[PDB]
Amino acid sequence: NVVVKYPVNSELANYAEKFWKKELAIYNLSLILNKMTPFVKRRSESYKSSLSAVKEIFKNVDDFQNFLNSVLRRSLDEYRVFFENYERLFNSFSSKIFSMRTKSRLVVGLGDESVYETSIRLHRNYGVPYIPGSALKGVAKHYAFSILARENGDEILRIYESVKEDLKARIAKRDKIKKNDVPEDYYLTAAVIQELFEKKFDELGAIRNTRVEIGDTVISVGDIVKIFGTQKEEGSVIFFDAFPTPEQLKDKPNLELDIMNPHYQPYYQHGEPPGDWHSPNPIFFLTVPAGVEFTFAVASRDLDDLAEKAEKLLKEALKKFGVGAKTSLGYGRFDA
Amino acid sequence: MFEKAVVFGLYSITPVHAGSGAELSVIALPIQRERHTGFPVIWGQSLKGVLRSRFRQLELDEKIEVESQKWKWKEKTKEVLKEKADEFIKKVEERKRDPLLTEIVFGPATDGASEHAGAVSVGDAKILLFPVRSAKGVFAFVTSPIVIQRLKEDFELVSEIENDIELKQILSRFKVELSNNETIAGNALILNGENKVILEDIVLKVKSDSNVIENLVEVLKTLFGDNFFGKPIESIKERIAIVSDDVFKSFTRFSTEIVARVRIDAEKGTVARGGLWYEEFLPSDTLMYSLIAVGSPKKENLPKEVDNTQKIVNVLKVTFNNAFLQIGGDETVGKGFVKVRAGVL
Amino acid sequence: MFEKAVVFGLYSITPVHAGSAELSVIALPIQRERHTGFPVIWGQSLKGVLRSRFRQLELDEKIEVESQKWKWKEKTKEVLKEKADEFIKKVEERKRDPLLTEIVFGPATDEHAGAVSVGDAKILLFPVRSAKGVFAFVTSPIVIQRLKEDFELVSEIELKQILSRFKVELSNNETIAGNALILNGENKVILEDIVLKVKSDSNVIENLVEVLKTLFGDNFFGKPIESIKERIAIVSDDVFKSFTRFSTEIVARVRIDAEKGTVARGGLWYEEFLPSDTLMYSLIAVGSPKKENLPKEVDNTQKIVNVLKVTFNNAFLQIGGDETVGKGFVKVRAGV
Amino acid sequence: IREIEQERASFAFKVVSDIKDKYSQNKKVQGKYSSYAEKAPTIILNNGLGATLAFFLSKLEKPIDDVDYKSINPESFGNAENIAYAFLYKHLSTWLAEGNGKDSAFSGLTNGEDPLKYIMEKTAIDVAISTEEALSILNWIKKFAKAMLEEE
């Protein structure tokens, strides 16, 4: 009762429809997802090319998830050799490697622009979910920022009154008028700490003697800035991408669906009173389920002690801060 | 002029961003490419720079194995330049001058260039196989007639340098010509029950030919041994496709990785004002071949272990075989890591 | 003087950066003309590289003349004697050159004159990016006119007579090109963000490839000349000048210090490189050899031009700077 | 010597000035148009040009395979998102199918056919060149939109 169309060129739409009808066997998940996106028309006169409308061509959500995971599993041998080479690359450097399972659902790259409006970070060649190293480095840096703000908030605020005044003036300039309201909350401390770590690293020389307790170890501010680097000095810790272990993909699914059902969406966007006359607009998106095991590795360029400190910081961040998208809802959390 | 030539093969384990810095298209920070063709290449300057940095690190760490014997640069410099051995060492201690072996091979450091020229000359990392997604055979290694023609020209140059005509005709038995909708693909990529292939956006009729693909596989095997960067070479002979020139150009221009990155400000937890940018990356599992020519060293009073050109050839081959290097930017976030294999004819 | 002349082809395997003079953008602009602005190699640099190659070959003793090896060590004593052995010491002292180079490619630093004068390398085919037919060899009518005027002095037999038929006139927005470059359906072709209408003609490209394969062989520098015919375009004079001025390879280079891992201050500069797969032609004018008791093998001018063509045919040699980074290697095919 | 860059810049300036003048009051329309313009190249590089055009048409609540750019009015939509999507689709398709004009240096790769219907039954090389041209014109349009149009 649904009409499927394909905006790809002719002589290829037939093969795309064969792939989506399971008549043929596709092997690359990113290929079928992106380059062969179907446009589904329901009783409503509109070819909505969204996962909510894309799933309508299957029997149910379970069938869609099973099809996606079978397509993912069809490249298991290639992913296995790729992971073996990746582990060899890890061991080539003096990299410390640790494995972590997903405590809750994880979704990285949800904000990427795509036809589905809700994308997911999939490896181009093999079509498996992965965490880019940039995300890990950023989450570690932000966890360090949060720890510093929570512990040494008033101290750094007093030491850098000029910087906090500059930040308050900037906020007043952009955030409405707010001439001097500018509450000195934890968020302002985090902002000025980030500003110090990004544009005012040299002025952070005095603070470098400070130490903050992470997990069981103690990390200095100088250690953190050496690990991450500045505009004038390169970081010393190499953060590699994280990939799931190939073994677990054989038995449990590595990709599932999740739903967002925004009732009162006009209230949030347009300003209508919430009430209850606000029929929802469900939107589905892919996410790797909880329990999937990922392998992380951090290497060093100058000192292995910095690598160990960065590994501890990243473990703490993944345990508490969380990586990926919708981290405010407990998504993308890892457990030992 | 030159004496010998080795072939360096680079297999991109992670996406590689050899930055160019020339303007900014919609995909910001474009990679360096050949202007007239658009094919992605790594210029000799960057490859020589990273090789020189790795060699300097190895020599300072005292890990370079010459003739299966460890190389200590201090005692060698003393045996060569005993009059000023201390002073030159101070320059290395102050980073003014690079260590002895790197200065012999890659030339003297920037602080002084008129003394001698480099004994080595790297080449541009011309692409050989491109990873393109496929319906069957999850991803495929793709090549173009210009690619194999340039490989044959490179082989001819190697034969001329070494005066070895025997290796000249290794690839000289491969002439091809393909329409824009035809390809010579391995059995894995070919669709079941249909003599057609799909390379990430296109349905291509499978042209029937075996000598060309067999010769290409044999050439790769001769260049890089029987181990093709962690997997046997014979295991990928059925995942190779030779496509039309325009199709290969389109693959190299549009199938490259486009990575979006943002900066998260702690004041709000959202992307900052203009904190987002896109970067172009070479896809993972790509092959780039380069020529490294070597002649007589231009220095004076050389040690006996590096006296002749072959003593440099073997040292470079043993020190840069199945190694891992970082090319381009985003080193700190695990980008640009490549497996390097050195071969000779 | 200069009784005979020969034509030398030059195909750029790798980008060539010869010499260095406005330098408006590129800190090291390529070796360029003045009246026309076309890329060019000064006769001095080409003569220098050719004479260096000849000197190295003489040292290596691979200059077989008339299918017989040329041993210079015996020849110098045969033609000079007395101090010739002592003259050998001058070669050993590097203060002089072997007698063949001294009598052909000019004297030493310190009476006589070179038997051959090396002319300028004029451009013949410029590779430009095409929307279809990935890259195209483009020329200009005055390029063909210069080729004909240069080539009237060597070939003349019937090839010179038939070469006179090349005479075309092109507007600033029109071109003649092969089937590969012309877009499907629309009768226009796009090169380097310039759209040109195809002019109906089937004679100029045929004659150009005819003469090219006539005095350069069917094997067009390791490639079949027939395939080249389909990707030959001729554009207007202003269009060709703009192409040769703005379609060269502008490459930005930097220097990184290992102390901090960033670019050294003031270490960024742009260098301009002549594109690869560029056909260039040079004229070598050979006169009567200097009367210094020359051997009867190369007594006449015909013999010396023959030996030069034999020893330089299908050769490989590096021109310009940046030799250490794989720039400047070209292939020379003497015109027989 | 009429570079297509001049035609690209002129067309982008004309279209961005047109949307700025027609909807100077609707700041949210300007913001939506700017966001869609600076996000479109990512969609084109990800899912292709035809998929992007079909996505715009779907966001316009219009059927595919039976709609061309000449038969859509960008101002005939109540919603700001629909307004911006229609304007972007019209501008991109107009540049692809006609260029800056018949008498201009660039006359569009497609003669006069609808770019989506053109993509449906053309070779991969033609759609690749069309994608390249769309990328360039979208880059210019995003540049000019960031220049003048207000930011959401």
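Numbers attached to residues count from 1 within each chain as its sequence is written and can disagree with those in the entry; no residue without coordinates is shown. For naming, the first written chain is A and the first written ligand is 1, with later ones following in the order written. Any value you read here covers just the chains shown, which are one part of a larger assembly. Calculation of side-chain values draws on the structure's entire complement of heavy atoms; hydrogens and water are dropped beforehand. Residues with missing side-chain atoms are left out of burial classes, side-chain pairs and their counts.

> What am I meant to see in the overall build of chain A here?
Broken down by element type, chain A carries 12 helices and 12 strands. For chain A, the share of sequence-separated contacts (at least 6 apart) that also reach a separation of at least 24 residues comes to 74%. Numbering goes from the N terminus for both helices and strands, where a helix is a DSSP run of H or I of at least four residues and a strand is a run of E of at least two. The contact criterion used throughout is that any non-hydrogen atoms of two residues lie within 4.5 Å.

> Looking at this structure, how should I read the sheet that holds strand β1 (residues 3-5) of chain A?
Paired through backbone hydrogen bonds, the strands of a sheet run either parallel or antiparallel to each other. All names here are of chain A. Read from one edge to the other, the open sheet built from three strands follows the order β1-β2-β3, with strand pairing classed as antiparallel. Edge positions in the open sheet fall to β1 and β3 (47-48), since each of these has one partner strand only. Strand pairing requires that DSSP identify at least two bridges connecting the strands. Here strand β2 (residues 39-41) runs beside β3; their pairing, made up of two bridges, is antiparallel. The residue bridging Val 40 from the neighbouring strand is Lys 48, located in β3.

> I keep staring at the interface of chain A and chain B and nothing clicks. Help me out?
Where the parts come together, the accessible area they lose is often given as the size of the interface. The interface of chain A with chain B comprises 49 residues on the first partner and 45 residues on the second. Contributions of two or more residues to the side of chain A that touches chain B are made by α1 (13-20), α2 (29-35), α5 (76-92), α6 (133-159), α7 (161-174), α8 (186-198) and β7 (237-239) of chain A. Among the elements that line the side of chain A that touches chain B, the one with the most residues is α5(A), at seven residues. Each residue is assigned to one of three groups, with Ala, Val, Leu, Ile, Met, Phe, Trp, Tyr, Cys and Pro labelled nonpolar, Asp, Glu, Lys and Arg labelled charged, and all others, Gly among them, labelled polar. The residue makeup of the side of chain A that touches chain B, split by class, is 22 nonpolar, 13 polar and 14 charged.

> What am I meant to see in the pattern of salt bridges here?
Should their charged atoms come close, side chains of opposite charge can pair. Between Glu102(C) and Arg96(C) there is a salt bridge, with its nearest N and O atoms 2.6 Å apart. When a carboxyl oxygen of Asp or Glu is within 4 Å of a side-chain nitrogen of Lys or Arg, the pair counts as a salt bridge. Salt-bridge contacts for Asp322(C) lead to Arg253(C); the nearest nitrogen and oxygen are separated by 3.5 Å. Note that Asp322(C) is positioned in the loop between β15 (315-318) and β16 (329-334) and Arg253(C) in strand β12 (residues 249-253), a separation of 69 residues in sequence. Through salt bridges with shared partners, a single network forms among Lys35(A), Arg133(B), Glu200(B) and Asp201(B).

> Before we go on, may I ask you to explain the side chain of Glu279(B) in this structure?
Residues and elements named next belong to chain B. For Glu 279, the position within the fold is in strand β12 (residues 271-281). In terms of polar contacts, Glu 279 uses its side chain to reach the side chain of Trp 277, at 2.3 Å. If we ignore the near neighbours within four places in the chain, the residues touching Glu 279 are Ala 28, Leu 29, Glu 257, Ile 258, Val 259, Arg 261 and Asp 330. Identification of polar contacts relies on pairs of N or O atoms within 3.5 Å, with a donor-acceptor requirement for protein atoms, meaning one able to donate a hydrogen and the other able to accept it, and with residues adjacent in sequence counted only if both atoms are side-chain atoms.

> Help me understand the packing of aromatic side chains, please; the structure alone is not making it clear to me.
The description of two aromatic rings rests on the distance between their centres and on the angle between their planes. Paired rings are identified among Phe, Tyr and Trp, the last through its six-membered ring, by centres lying within 6.5 Å, and are further divided according to the angle between planes into stacked (under 30 degrees), edge-to-face (over 60) and tilted (the rest). Considering the side-chain rings of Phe139(B) and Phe141(B), the 4.9 Å spacing of their centres and the 75 degrees angle between planes classify their relative orientation as edge-to-face. Ring geometry for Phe55(D) versus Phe56(D): centroids 6.0 Å apart, planes at 35 degrees, classification tilted. A cation sits over an aromatic face here: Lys18(A) above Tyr15(A), 4.8 Å from the ring centre. For a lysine, the NZ atom is tested; for an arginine, the CZ atom; a charge sits over a ring if that atom is within 6 Å of the ring centre and within 35 degrees of the ring normal. Here the basic side chain of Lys75(C) rests over the ring of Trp70(C), its NZ or CZ set 5.4 Å away from the ring centre.

> What am I meant to see in helix α9 (residues 221-228) of chain A here?
Each α-helix turn comprises 3.6 residues. Residues three or four places apart therefore point the same way. Of the residues that open α9(A), the one with a side-chain oxygen 3.2 Å from the backbone nitrogen of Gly222(A) is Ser220(A). One or two residues past the end of α9(A) sits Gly229(A), with phi positive at roughly 85 degrees.

> When you look at helix α6 (residues 124-147) of chain D in this model, what are you seeing that I'm missing?
A helix's residues, less one, multiplied by 1.5 Å, set its expected span. Helix length check: α6(D) (24 residues) gives 34 Å between terminal C-alpha atoms against 34 Å at 1.5 Å per residue, within 8%. The opening residue of α6(D), the one whose side-chain oxygen lies 3.4 Å from the backbone nitrogen of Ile125(D), is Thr123(D).

> Would you mind going over the packing of helix α1 (residues 4-22) of chain D against helix α4 (residues 80-98) of chain D with me for this structure?
Helix packing for two helices is described by the angle between their axes and how far apart those axes are. All names here are of chain D. Contact geometry of α1 with α4 gives a least axis separation of 11 Å together with a crossing angle of 155 degrees. When the interaxial angle is binned, α1 and α4 end up roughly antiparallel. With respect to the hand of their crossing, α1 and α4 are arranged in right-handed fashion. Across the interface between the two elements, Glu 7, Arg 8, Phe 11, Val 15, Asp 18, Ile 19 and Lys 22 of α1 pack against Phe 87, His 91, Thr 94 and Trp 95 of α4. Each axis is a line fitted through C-alpha atoms, taken for helices only over the stretch in contact, and angles between the N-to-C directions span 0 to 180 degrees. For classification purposes, angles smaller than 35 degrees are called roughly parallel, those larger than 145 roughly antiparallel, those between 65 and 115 roughly perpendicular, and all remaining angles oblique. Whether a crossing is left-handed or right-handed is set by the direction in which the near helix is turned from the far one by less than a right angle, anticlockwise for left-handed and clockwise for right-handed.

> What's the story with the environment of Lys122(C) in this structure? I'm lost.
All names here are of chain C. Along the polypeptide, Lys 122 turns up in strand β4 (residues 121-129). In this structure, the C-alpha to C-alpha distance between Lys 122 and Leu 147, residues 25 residues apart in sequence, is 8.9 Å. Residues within four places of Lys 122 in sequence aside, it is in contact with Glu 33, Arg 146, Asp 150, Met 280 and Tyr 281.

> It is not clear to me how the packing of helix α2 (residues 27-47) of chain D against α6(D) should be interpreted in this structure. Could you clarify?
Residue and element names in this part refer to chain D. Here α2 crosses α6 at 155 degrees, and the two axes come no closer than 9 Å. Our classification of the angle between α2 and α6 gives roughly antiparallel. Of the two possible hands of crossing, α2 and α6 adopt the one that is left-handed. Of α6, the residues touching α2 (which contributes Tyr 33, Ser 34, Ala 37, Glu 38, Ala 40, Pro 41, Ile 44 and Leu 45) are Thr 131, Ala 134, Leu 135, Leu 138, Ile 141, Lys 142 and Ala 145. Taken together, the residues of the contact of α2 with α6 sort by class into 11 nonpolar, two polar and two charged.

> How should I be thinking about the pairing of strand β8 (residues 194-198) of chain C in this particular structure?
Within a regular strand, side chains alternate between the sheet's two faces. Residues and elements named next belong to chain C. Sheet topology note: the strand β6 (residues 174-177)/β8 ladder contains two bridges and is parallel. When the sheet's bridge partners are listed, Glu 174 is paired in β8 with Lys 197. Here strand β7 (residues 188-191) pairs with β8 via four bridges, running antiparallel. If you follow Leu 191 over to β8, its bridge partner there is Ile 194. In textbook terms, the turn of a hairpin is the stretch between consecutive antiparallel strands, and for β7 and β8 this stretch comprises two residues, one of which, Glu 192, has a positive phi near 50 degrees.

> Quick question: what am I supposed to make of the environment of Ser140(C) here?
Residues and elements named next belong to chain C. Looking at the secondary structure, you find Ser 140 in the loop between β5 (135-139) and α5 (141-151). A C-alpha to C-alpha distance of 9.7 Å links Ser 140 and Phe 126, two positions 14 residues apart in sequence. In contact with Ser 140, not counting residues within four places along its chain, are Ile 234, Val 235, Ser 236, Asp 237 and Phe 240. Looking at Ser 140, its side chain comes within polar contact range of the side chain of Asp 237, at 3.1 Å.

> What is the right way to look at unusual backbone geometry in this model?
Of all residues except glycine, most have a negative phi; of all peptide bonds, most are trans. In this model, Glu62(B) sits at a positive phi of 60 degrees, which is unusual for a non-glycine residue. One can find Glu62(B) in the loop between α1 (44-60) and β2 (65-66). A positive phi angle, near 55 degrees, is found at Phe2(C), a position not held by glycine. Among the structural elements, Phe2(C) can be located in the segment before β1 (4-12).

> How do you make sense of the environment of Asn100(D) when you look at a structure like this?
All names here are of chain D. Within the element layout of this structure, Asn 100 appears in the loop between α4 and α5 (115-120). With 93 residues separating them in the primary sequence, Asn 100 and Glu 7 have C-alpha atoms 6.1 Å apart. In contact with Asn 100, other than residues within four places in its own chain, are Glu 7, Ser 10, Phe 11, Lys 14, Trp 95 and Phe 106. Here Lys 14 takes part through its side chain, which lies 3.0 Å from a polar atom of the side chain of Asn 100.

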